[PDB]
Structure formats: C-alpha cells, structure tokens
Amino acid sequence: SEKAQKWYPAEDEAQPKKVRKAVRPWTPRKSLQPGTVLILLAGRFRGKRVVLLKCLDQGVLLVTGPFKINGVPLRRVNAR
RNA sequence: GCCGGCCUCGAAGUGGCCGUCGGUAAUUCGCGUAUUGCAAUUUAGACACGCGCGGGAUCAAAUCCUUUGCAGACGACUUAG
Ligand SMILES: [Mg+2]
Ligand SMILES: [Mg+2]
C-alpha cells in the first residue's frame, strides 16, 4: 500500500529530529508502602485518611479507604 | 444554642441565674457514601447596604414668601406671620 498520495503539501514537511528521552520507571518515596495510611490533601475526598494498596506507573497510586469505614471507594490518586 | 421572667452594666450600656424549647459519640454498633472519574477557592462566615413580602406605629417639619433691626456689602443673623 505504498501508492501515490492523493495530495501533496506545498513544501515538504519538516520532521523533528531524534529526542533521546527514554522513559524510565518512576521511583516512589520510601514512605509509600502498601497498607500505609495516607491523608488526601485535595480532590473530592480531601482530608480523608485512606489505605494505600499499590503504586502505579507515573506517580499514580491505587488506594481505598475501606468504603464501609469512610465513603472513599477504590480510587486512583496522585502520590504528590 | 433558641426564646422568655428578672437583676445589674454609663469611659464608647454589660454580664449573670432562673426557666422553656431544640440539637447533643462519654461507650459500642448496624445500613448510606462510589462516577466531582489523578489536583483545580473547601463559592459555606459577619459586617452591612438596598429591596419585596404583610403588618404595626405615626399623621411632622424646613425653605422660599411677607415682616423686624438687637443684624447686615450680598448671603447670613435676631424676630413676627
Ligand atoms: Mg435536651
Ligand atoms: Mg445696621
């Protein structure tokens, strides 16, 4: 499917050069361990104390305050 | 906290004990919270002020004008109507 294009630009589009910015895993703080009780500083559940379950890829955390203990469900938050 | 008796509070009007009426985890629980989607002021208060509801209360003055001369450049002022 390397056919001729239906349209051609007025002048050749400049391509960007290679960036050399490899993606490397985020390293969470030593205090972010599973089961740690954390206070939510912002968002809908600001001021709520929830339980950390897992650390996600790019500074995101999976937490749940026990929904029957406080009305926080399973939720993603930001480690910051 | 809400309203009611009262009793005392004059440096620029204060607090109280006596009652009503409400709400109230000191302990332990049972249901609800989710979807504001990974943060985005937590629009939440008391000072007002201007209003409209629908009532109570109340039914006033001032100036011009004329007049006086204890006054006066004109205003103003002292009077009287
Ligand atoms: Mg009671
Ligand atoms: Mg004279």
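Residues numbered from 1 in each chain as written, not as in the entry; some residues may be left out. Chains lettered and ligands numbered in written order. Part of a larger assembly, values for the part shown. Heavy atoms only, no water.

- For this coordinate set, the PDB header names cryo-EM as the determination method and states a resolution of 2.20 Å.

### Regarding the nonpolar core
(1) Moving on: One finds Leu32, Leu38, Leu40, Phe45, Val50, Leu52, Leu61, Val63, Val72, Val77 and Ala79 forming the largest nonpolar core, which totals 11 residues.
(2) Moving on: Mapped by element, the contributors of at least two residues to this core are β2 (49–55) and β3 (60–64).
(3) Moving on: Here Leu52 is in contact with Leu32, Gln33, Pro34, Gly35, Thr36, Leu38, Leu61, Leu62 and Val63, once residues within four sequence places are set aside. (Core = buried A, V, L, I, M, F, W, Y, C linked by side-chain atoms within 4.5 Å. Buried < 20%, exposed > 50% of the residue type's maximum accessible area, 1.4 Å probe, protein only. Helix = DSSP H or I, 4+ residues; strand = E, 2+ residues; numbered from the N terminus. Contact = heavy atoms within 4.5 Å.)

### Some thoughts on the pairing of β2
(1) Moving on: Note: strand β1 (residues 37–39) against β2, three bridges, orientation antiparallel. Note on β2: the bridge partner recorded for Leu38 is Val50.
(2) Moving on: Hairpin connection between β2 and β3: a loop of four residues separates the two successive antiparallel strands, and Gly59 in this loop has a positive phi of roughly 90°. (Pairing = 2+ DSSP bridges.)

### Considerations on the environment of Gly59
(1) Moving on: With respect to the helices and strands, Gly59 occurs in the loop between β2 and β3.
(2) Moving on: Classification of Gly59 as buried rests on a relative accessible area of 9%.
(3) Moving on: C-alpha separation for the pair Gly59 and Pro25, spaced 34 residues apart in sequence, amounts to 9.6 Å.
(4) Moving on: Leaving out residues up to four positions away in the same chain, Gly59 has contacts with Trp26, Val77, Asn78 and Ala79.

### Concerning the layout of surface pockets
Any space left empty among the atoms is revealed by the rolling of a water-sized probe across them.
(1) Moving on: When its volume is computed, the largest pocket comes out at roughly 290 Å³.
(2) Moving on: Lining the largest pocket are 14 residues; nearest its centre among them are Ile39, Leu40, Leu41, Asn78 and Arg80.
(3) Moving on: Counting only elements with at least two residues in the lining of the largest pocket, the list comes to β1 and β4 (75–78).
(4) Moving on: The element contributing the most residues to the lining of the largest pocket is β4, with three residues.
(5) Moving on: In terms of residue class, the lining of the largest pocket is made up of nine nonpolar, two polar and three charged. (1 Å grid on protein atoms, 1.4 Å probe; cavity = no way out; pocket = protein on both sides within 12 Å on 5 of 7 lines; lining within 4 Å. Points joined across faces, edges and corners; volume = space filled by probe spheres on them. Nonpolar A, V, L, I, M, F, W, Y, C, P; charged D, E, K, R; others polar.)

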